[PDB]
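Before any questions on binding or motion, here is one chain by itself as structure tokens, the form solved without adenosine-5'-triphosphate.
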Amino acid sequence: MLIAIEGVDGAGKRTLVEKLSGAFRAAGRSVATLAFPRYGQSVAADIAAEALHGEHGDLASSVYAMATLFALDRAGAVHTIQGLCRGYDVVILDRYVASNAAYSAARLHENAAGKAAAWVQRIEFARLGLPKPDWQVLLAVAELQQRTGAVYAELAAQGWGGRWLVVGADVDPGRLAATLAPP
């Protein structure tokens, strides 16, 4: 069971990941968690973030270049993710492929139906073979942040990459857990 937690609010997602983990473990399930990008473990992620902040020449002049680097990080985790799914009942990912679609589309001033999102879907899911999540959970509601939120919500509405669930900060974790993996 592979669950991706998505959204624009990082502190909010983290708290959600942890409380969801606790709900599943209260039910007696084994849970592993993994956050993307894997800053500090993946040199591709690190380069991408550094570039975004002005390093590595003109790299951040291209939104695709940076999406590609985040995609390669995830590609380097395909094996780790499969191992986690064998070893554990529930694998929760704090941000995953939809994130790359939403942020990239937002930086390009595109929406969910545009070139960048479609490209992320082919590159990460078809070409690199990243496992499709069983659930993508959007934790809903800074011009960028807002644009990204909007792309996220369109992606959720279209069932991009699989089945979605949209929730607020008020969500009860045990209630969400029960919706996600009903006993």
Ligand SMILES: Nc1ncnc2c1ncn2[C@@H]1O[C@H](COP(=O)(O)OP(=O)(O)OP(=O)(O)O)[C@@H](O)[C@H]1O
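Numbering starts at 1 and follows the sequence shown. So that the term is clear: the rigid core is the largest set of C-alpha atoms that superpose within 1.5 Å between two forms.
Engineer: Between residue 26 and residue 27, count the deposited residues left without coordinates and pick a bin: none, 1 to 3, 4 to 9, 10 or more.
Structural biologist: Count of unmodelled residues in between: none.
Engineer: If you average the CA temperature factors as listed in the entry, which stretch comes out higher, 81-89 or 96-104?
Structural biologist: Here the higher of the two C-alpha B-factor means belongs to 81-89.
Engineer: Averaging only over Cα atoms, indicate whether 144-152 or 35-43 has the higher B-factor in the PDB entry.
Structural biologist: Here the higher of the two C-alpha B-factor means belongs to 144-152.
Engineer: Lowest, middle or highest third: which one holds residue 121 when the chain's residues are ordered by CA B-factor from the entry?
Structural biologist: Residue 121: CA B-factor falls in the middle third of its chain.
Engineer: Quick one: classify residue 53 as lowest, middle or highest third of the chain based on its Cα B-factor.
Structural biologist: CA B-factor rank for residue 53: middle third.
Engineer: What third of its chain's C-alpha B-factors does residue 8 belong to: lowest, middle or highest?
Structural biologist: Its C-alpha B-factor belongs to the highest third of this chain's values.
Engineer: Relative to the other modelled residues of the same chain, rank the CA B-factor of residue 157 and answer lowest, middle or highest third.
Structural biologist: As the PDB entry reports it, the C-alpha B-factor of residue 157 lands in the highest third of its chain.
Form solved in complex with adenosine-5'-triphosphate: not shown, discussed below.
Engineer: Is residue 34 close enough to adenosine-5'-triphosphate in the deposited bound form to count, meaning some heavy atom within 4.5 Å?
Structural biologist: Yes, residue 34 is a contact residue.
Engineer: Might residue 109 be said to contact adenosine-5'-triphosphate in the deposited bound form, defining contact as any heavy atom within 4.5 Å?
Structural biologist: No, residue 109 is distant from the partner.
Engineer: Does adenosine-5'-triphosphate get within 4.5 angstroms of any non-hydrogen atom of residue 146 in the deposited bound form?
Structural biologist: It does not: once adenosine-5'-triphosphate is placed as it appears in the deposited bound form, residue 146 has no heavy atom within 4.5 Å of it.
Engineer: Is residue 30 close enough to touch adenosine-5'-triphosphate in the deposited bound form, meaning at least one heavy atom pair within 4.5 Å?
Structural biologist: Output for residue 30 is no: heavy atoms all beyond 4.5 Å of adenosine-5'-triphosphate.
Engineer: Mind checking whether each of 121, 156 and 158 has a heavy atom within 4.5 Å of adenosine-5'-triphosphate in the deposited bound form?
Structural biologist: Zero of three within 4.5 Å in the deposited bound form.
Engineer: Going by heavy atoms, what in 82-103 lies within 4.5 angstroms of adenosine-5'-triphosphate in the deposited bound form?
Structural biologist: Contacting residue: only 84.
Engineer: Please name the single residue among 10, 159, 168, 22 whose Cα shifts by at least 2 Å between the shown form and the other one after core superposition.
Structural biologist: Per the superposition, the moving residue is 10.
Engineer: Relative to what we see here, could you say if residue 9 and residue 172 have their Cα atoms closer or farther apart in the deposited bound form, with a change of 3 Å or more?
Structural biologist: Farther is correct, given that in the deposited bound form the C-alpha spacing of residue 9 to residue 172 is increased by at least 3 Å.
Engineer: Your call: residue 168 and residue 11 CA atoms, closer or farther in the deposited bound form versus the shown structure, by 3 Å or more?
Structural biologist: Relative to this form, closer in the deposited bound form.
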